Amino acid sequence: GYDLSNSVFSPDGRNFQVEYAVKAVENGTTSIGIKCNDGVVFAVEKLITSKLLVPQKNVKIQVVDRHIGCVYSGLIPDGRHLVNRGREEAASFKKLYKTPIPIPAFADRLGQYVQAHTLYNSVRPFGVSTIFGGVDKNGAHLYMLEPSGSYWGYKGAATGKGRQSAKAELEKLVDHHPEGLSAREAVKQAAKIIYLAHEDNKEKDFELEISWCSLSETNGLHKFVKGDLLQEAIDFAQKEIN
Amino acid sequence: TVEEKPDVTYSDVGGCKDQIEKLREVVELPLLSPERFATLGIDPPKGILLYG
Amino acid sequence: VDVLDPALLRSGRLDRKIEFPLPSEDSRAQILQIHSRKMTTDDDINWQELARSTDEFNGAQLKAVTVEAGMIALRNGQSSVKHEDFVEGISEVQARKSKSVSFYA
Amino acid sequence: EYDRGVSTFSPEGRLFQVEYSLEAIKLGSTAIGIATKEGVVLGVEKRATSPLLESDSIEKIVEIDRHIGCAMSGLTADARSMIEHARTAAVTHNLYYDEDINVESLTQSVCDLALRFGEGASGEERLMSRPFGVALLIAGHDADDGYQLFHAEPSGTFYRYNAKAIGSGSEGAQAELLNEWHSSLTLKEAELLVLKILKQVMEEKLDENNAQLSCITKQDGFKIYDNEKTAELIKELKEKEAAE
Amino acid sequence: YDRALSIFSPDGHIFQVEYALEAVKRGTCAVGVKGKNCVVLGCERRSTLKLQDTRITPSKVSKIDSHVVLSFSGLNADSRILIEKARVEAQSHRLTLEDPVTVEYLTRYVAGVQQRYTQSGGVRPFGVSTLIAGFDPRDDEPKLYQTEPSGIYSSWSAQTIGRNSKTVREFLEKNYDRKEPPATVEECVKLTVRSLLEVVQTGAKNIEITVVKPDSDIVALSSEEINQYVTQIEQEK
Amino acid sequence: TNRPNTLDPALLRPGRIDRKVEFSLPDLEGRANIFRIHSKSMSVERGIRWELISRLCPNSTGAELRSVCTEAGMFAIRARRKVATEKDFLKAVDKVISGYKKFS
Amino acid sequence: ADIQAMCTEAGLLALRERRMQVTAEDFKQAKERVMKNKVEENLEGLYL
Amino acid sequence: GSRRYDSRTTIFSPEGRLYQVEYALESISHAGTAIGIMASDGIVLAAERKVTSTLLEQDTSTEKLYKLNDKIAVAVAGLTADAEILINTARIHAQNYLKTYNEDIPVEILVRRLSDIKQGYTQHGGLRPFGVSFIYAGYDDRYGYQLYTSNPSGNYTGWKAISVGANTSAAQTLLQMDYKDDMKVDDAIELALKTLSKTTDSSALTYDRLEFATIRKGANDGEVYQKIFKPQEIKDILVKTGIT
Amino acid sequence: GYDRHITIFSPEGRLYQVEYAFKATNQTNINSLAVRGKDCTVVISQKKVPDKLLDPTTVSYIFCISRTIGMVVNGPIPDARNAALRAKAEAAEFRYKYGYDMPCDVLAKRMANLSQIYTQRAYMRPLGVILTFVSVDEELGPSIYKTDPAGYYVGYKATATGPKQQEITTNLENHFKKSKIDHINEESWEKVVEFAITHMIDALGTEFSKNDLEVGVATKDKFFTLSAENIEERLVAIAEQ
Amino acid sequence: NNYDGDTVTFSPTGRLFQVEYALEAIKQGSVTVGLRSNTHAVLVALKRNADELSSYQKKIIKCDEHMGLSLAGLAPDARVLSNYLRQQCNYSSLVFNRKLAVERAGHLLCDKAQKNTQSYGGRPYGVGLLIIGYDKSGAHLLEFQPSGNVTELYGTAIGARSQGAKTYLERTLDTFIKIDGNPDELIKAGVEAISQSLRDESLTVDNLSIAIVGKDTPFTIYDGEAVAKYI
């Protein structure tokens, strides 16, 4: 059998329940993370399911500390629980060691938490991937955390339905700039590959959200991209795909 | 085994059941008025499986 | 095929391994129309409208709506099947026919 | 299948163990409760199983407080837990506020208790693995809405009624009630009404060793009618059924 | 632990309560008949077996209070737990309220022990039903109650539980009147001997009789006393 | 068909079968009604409650209700009455339930 | 059925012994034989 | 999760009967014979081991005979492993009684306490009960010598002569014919050995596979001396009674 | 029934749940080679990164559990992290209560004991990672202790781990057969790195790069790792051997 | 049946089926339609009686004098959630001297449901809440699914025949948002909205239950003849 729980195991190395949980994330919203020189620029495809909706009033981007963007896909309640947990961890680090939590340190703690639920059958595994990064004292970093409890450094990452389109152009983005690119320019490139990853979601319509934490613009604080800058990104992406 | 229009009504059947009104819909409705089926372009039903 | 042993599934057993997903929103509308094409077809009905309200419906589920729309039409004593009837036909295949109150109202 | 869990659904969409509990009220002997605005009368079928039974110290009529009465039908082992909590609740309000508790407020408190099944659900202290199997007809009088009669489910839901019967004869009793209830029924015209409807669903002879009456009046409080008075009224039914 | 050993059934029941009642059916027969001046609990003993010393072997009737006796049918392991909790409770009533417990209070208390484990998970109910009988202080009214593992209790004029309870009960319909209990203590005692002599039989060896008379007078009638009563009934019949 | 799990798929395909219906075990009030037809034909008590016998029964088919009426007839003959009461039907339901539940 | 057997087994015993009479004592031996393999000790498995 | 791998181990059957207790009685029938005989001057406990070997040291073993307190020892018939827990519980309980009343524990009290633990395990926790049967030899002032058997359900029954474990039926039937109330400890020693020679668990009964212990009031001043006989003191008595 | 779904014994007496743990550590396809020098212990391990969009610097499997004791992990990286966290916590604790840092031997034994407890519990899944602990202790010299998911560990002259580790064993066996001692007689730690790389190429047939290697060296009283620049010096130094 | 009886599992499709089952409580449940402008929020619920003797069940619960929630699924579940919001509203008053923002209170409610969906022996909460209120960012209308997810709209519906109500609101959408300072119009349009949720259930003044909260209006439930100002 070996698929009833998550501490059944198989000779095949599979754990089933966890692999199943990734399917929720793979049918989640498109979300990207671009490692830039000065920071990171996150962008997330926000589906517009109806005209009844209030635009830019529902977010999947919650800030952790004042300098860590976190944007996630899969089951929204479950991911909001994981981010809720990591707001406590950031507060705990700040209490004990009197510093805003470093991005590699933050990744370590979250990985432990997600590990715990795949080691016990009396609690349910998580089924979300979060993409989080920011600017700390060791530089800018970018991490994506799998619901398995695995993370790595990333020069680009993506998740959701339109991850195929995004990743393919992120390869080209690192081939445009093998010496890395500005956070400011990466706004317009984040727009472009959400638009191309909306060709996997072209039975649907979308709202473009972009958020950044970069030293150059926002001074190492995580803020949202809005107003004329946001509209410039939209206009950029529009002409490229035309 | 074969009979010929035996005298039984809904009065003599104890209760009215949903399964009786599904029989009415197969049997009576196309016999009485195959007209309405035709104008609609729905096929008239003539097949019923009774199980219980 | 996840149940089934993967030895039987390999190349030359079976070559191409082809998934059949549910119909999507737009696909639902095409499957509804052909069912409706069989009966009287009218400008009242919009198949897209019916496709957006149905959710997670395959041709077997979609077919039950269409036929069922034409029995309300039959009882009403209509000669042309109207849009509303299809809309009413959706809710009988669903989990409700319930207007009950006990503890789940 | 869908009841092996301690709180599980159900391809219908509503909890399964709760559903069985509602269909276990029917197992209990009939409890009728007729509310007028002149008082609320509660009648119950006690059940006699033997003439060796002592049935006059057995009743399904229970005092919650002076101004609130209750009649229980279903499995009455479950109602033992609920009646104790109800009595405590009523007392708590007069401890804390020196005031009489509303009939609605009391019912709601007993509904809160009724949801306590599951052994991993919610934040509350769980102390059941399965829902209660008993339904109550909490009658009462408050001065804010007059006389009130509530029907409390083992679900933890409640409806205000003007007349509700539960138990074995629930369906045949309630068939009559829909037509025969109106607001110009006085306390005594309600009282004879209880016995007429109870006679139809009575599986024995109608008598006072298998039926018990009780009122809840503002003026005299919760009074359980003695078997002498209960017997008298029963004989006065058989006269008026021969006046037809 | 909290994993259900009591769970609601689609029949509106719990399976284990139904099972519990069959466990009491297989138990030994206890009869209760109350006079106008006594309660009498006579019970079937399994003292037929040889090489047994009955002095040190548990009795089937245990006093919980000075004027409250308890008899039981079903498992003998389960029953002792109820008898111990009941006694502790009885002395608590004397501590905080004064006076010994009423019979009715003890009836409710044993019922509440059964009740708790019926509703909660991780626990099964007991398979034991009791006949709790006695007097209240400054009362000459005999009290005869029956509690059952369901968590329900009922008063009775006469009652019988255990094996062939239907047979004894049927006998009591003609040999006991609701209107008229046995007038004397002795006729009540001989009626309980007479009921036991149906199923139990086999001398006064397996027949026990405990009489409680008003306000804490408990006497147990030895086999010799019972033998005399048996012989009189036999001869008369 | 008793069980529709004993019928061939060639037969099951459309045109042969255009409606499918499961017959339901009749409700308690619905048994009062099935009983009523048999009881009107039988010389019985006037003012009988049909609904009293149906309360006492659990879900039983209409064929059972037909047998119960014959059965009550028998017990009525034994006492030397040819006019039955609610009483002969209390008996009749007890016989059937204990009898059939155990086996078939 | 088993009453029928016990009565016959009791003639067999008394014929064995060569004694015309059939005792009460005799009958007990016949009860023993019929009941023999009906034994149940899970009766006091539940009760004790 | 947790409920997945549980099968509801301790529950009634439709007969009313506890699965684990029924199973437990089977495993005590595996374990060797232990016999207790109550004389009018003592109690003889005699047990045949369920293990014997020429490499097994049985000359320091006291694997069936264990003293709970100075006047109460047990013989064991069942799982030795399971029994060990109850044996040290008994020692604690007897010492606790001595601490609080400064009086030696009666035999009735000690047996009842152990019995409650066994019942408790099937009542709650899902725990297996202890699959052992003990024969308690005990002296007390009030009832004199008292003999008791306990079963794995958690119930105790008095006796004059009794056997548990293997060959309970065979041992019992021999005891019924031979037992008398005029027997002394001397007579009871001879009876016990003869019964074990007819209920032997192989094809031989030997001193080295015999554990033997008495409790005798033949110690001076009415005092009771528990003597657990060594296998070579058993050997002396083996030639005395003419087994060899 | 559940004799393969939880950690209870089977009629075979063999725990199938435990066996499955060892059948998941070789599915990450990372090989390791660990050799004891005359003054050092060197461990090199694979670091195959096949993506442009994964940062290779952060892809690692050598975690420093003490300042003197490295740990190299063969098997899944969630379980690696948990075992690293636990090991670090214990090593710190040992300093705190015994007044000196935890030995390699005892740190191995402590994780070994926790692994047994995780296969004692029937709702707890063991951490499916093979942990190699390299150090130079002052009371045990250059040391390797390798713990496994069951809770078994032993010391080693040299050891390898991974699917292709049998090939590595052949090289090591010849080396210590000829030398006739339990370590490499080389007094420069850099040249023990060079040797290790040579036998990795011999065993697996694979030509390595600096971004396919990751090197950890425990010298006396310190643990460091080589960066890819330093590993490139070693790869150039193979040509100079 | 291995993922449909347990709450602690996945589910080869990445689901939990217990949550889908909990969403069928909404289908079979009663209907409520909410619509807001920017200055007023409105909940119009269709009450349903059991029978003539029976009362009608209030489907709107007053949670605060600026907040209210309405049920459309499991009634016992609503009594857990209603108390929890009140507790947190008083916490906001105590600690921050502040009304509890509607946006914040949705996120708290979300995670409260989540941790019982994680735990074994737990349940998803089958009640669907529509939660209105008036805070410092204007009118808000939240829809609470059995999932726990909160979404913000200018008009929504949950319950039986929600689709007809949403069609009505999508047409009149830019009318009602640009009517402000006139609660009456919004209320009348909500009666008409829930007239598309009928299927010969009719509308009377003992089936109609309206509640609003405004800028200058507290949470107030209109019923009886106070809904006969709109019928």
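Protein chains in written order, with full-length UniProt numbering: chain X, 7 to 248; chain D, 199 to 250; chain A, 330 to 434; chain F, 7 to 250; chain P, 4 to 240; chain G, 355 to 458; chain H, 390 to 437; chain C, 2 to 245; chain E, 11 to 251; chain Z, 4 to 234. Note that beta-carbon positions come from the ideal geometry of N, C-alpha and C, so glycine has one too.
Per DSSP, the bridge partner or partners of residue i
| i | result |
| --- | --- |
| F230 of chain C | C:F213 |
| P350 of chain A | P350 of chain A pairs with nothing; no bridge assigned. |
| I203 of chain F | Beta-bridge pairing links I203 of chain F to no other residue. |
| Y153 of chain F | F:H147 |
| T35 of chain Z | Z:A48, Z:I161 |
Bounding residues of the beta strand (DSSP E) (the contiguous stretch that carries residue i)
| i | result |
| --- | --- |
| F429 of chain G | Premise fails: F429 of chain G lies in the alpha helix (DSSP H), 416-432, not in any beta strand (DSSP E). |
| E146 of chain Z | 141-147 |
Any C-beta of chain D under 8 Å from that of residue i
| i | result |
| --- | --- |
| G406 of chain A | yes |
Min CB distance residue i to chain G below 8 Å
| i | result |
| --- | --- |
| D205 of chain D | no |
Neighbour flag for residue i against chain H, beta carbons, 8 Å
| i | result |
| --- | --- |
| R58 of chain P | no |
Chain X contact for residue i (CB, 8 Å cutoff)
| i | result |
| --- | --- |
| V69 of chain E | yes |
Limits of the alpha helix (DSSP H) - the one that residue i falls within
| i | result |
| --- | --- |
| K100 of chain C | 81-102 |
| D241 of chain X | 233-246 |
Any chain E beta carbon closer than 8 Å to residue i
| i | result |
| --- | --- |
| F15 of chain X | yes |
Residue-level contact to chain P via CB, residue i, 8 Å cutoff
| i | result |
| --- | --- |
| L404 of chain H | no |
| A141 of chain F | no |
| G17 of chain C | yes |
Chain F within 8 Å of residue i, Cβ atoms only
| i | result |
| --- | --- |
| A186 of chain P | no |
task = Can you check the region 13-50 of chain E for any beta strand (DSSP E) of at least 3 residues that lies completely inside it and give the ranges in chain order?
result = 42-46
query = Which runs of the beta strand (DSSP E) fall wholly inside the region 39-125 of chain P and span at least 3 residues, in chain order?
reply = 42-46, 64-68, 71-77
request  = Name, going along the chain, the residues of the region 13-35 of chain P whose beta-carbon falls closer than 7 Å to a beta-carbon of chain H.
outcome  = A26, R29, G30
query = What runs of the beta strand (DSSP E), each 3 residues or longer, lie entirely inside the region 128-200 of chain X?
reply = Complete beta strand (DSSP E) runs here, min 3: 134-142, 145-151, 157-159, 162-165.
query = Any residues in the region 113-126 of chain F with a beta carbon nearer than 7 Å to a beta carbon of chain A? Which ones, in chain order?
reply = none
Proximal residues, the region 63-83 of chain P versus chain H, C-beta separation under 9 Å = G77, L78, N79, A80
inquiry  = My parser needs the beta strand (DSSP E) runs of 3 or more residues fully inside the region 159-230 of chain E; what are they?
reply    = If we require 3 residues or more, the beta strand (DSSP E) runs fully inside the region 159-230 of chain E come out as 163-165, 168-171, 223-229.
inquiry  = To be precise: take each residue of the region 102-117 of chain Z, compare its Cβ to all Cβ atoms of chain X, and keep it if any distance is under 8 Å. Which residues remain?
reply    = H110, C113, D114, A116, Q117
message = Short of 9 Å Cβ to Cβ, which residues in the region 373-406 of chain G face chain F?
response = Considering only beta carbons, the part of the region 373-406 of chain G lying closer than 9 Å to chain F consists of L382, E383, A386, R403, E405, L406, in chain order.
query = the region 143-162 of chain C: which residues have C-beta closer than 8 Å to a C-beta of chain P, in chain order?
reply = Within the region 143-162 of chain C, the residues whose Cβ lies closer than 8 Å to some Cβ of chain P are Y144, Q147, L148, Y149, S154, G155, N156, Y157, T158, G159, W160, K161, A162, listed in chain order.
query = At a Cβ cut of 8 Å, what residues of the region 22-50 of chain F count as close to chain A, listed as they run along the chain?
reply = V24, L28
request  = Return the residues of the region 122-145 of chain X that lie within a Cβ-Cβ distance of less than 8 Å from chain Z, sorted by chain order.
outcome  = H123, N127, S128, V129, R130, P131, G133
query = Going along the region 120-146 of chain C in order, which residues come within less than 7 Å of chain P, judged by CB to CB distance?
reply = Residues are counted here when their Cβ sits less than 7 Å from a Cβ of chain P; for the region 120-146 of chain C these are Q120, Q124, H125, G126, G127, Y144, given in chain order.
query = Going along the chain, which unbroken runs of the beta strand (DSSP E) with 3 or more residues stay wholly within the region 69-147 of chain F?
reply = Those beta strand (DSSP E) runs which fall completely within the region 69-147 of chain F and span 3+ residues are 74-80.
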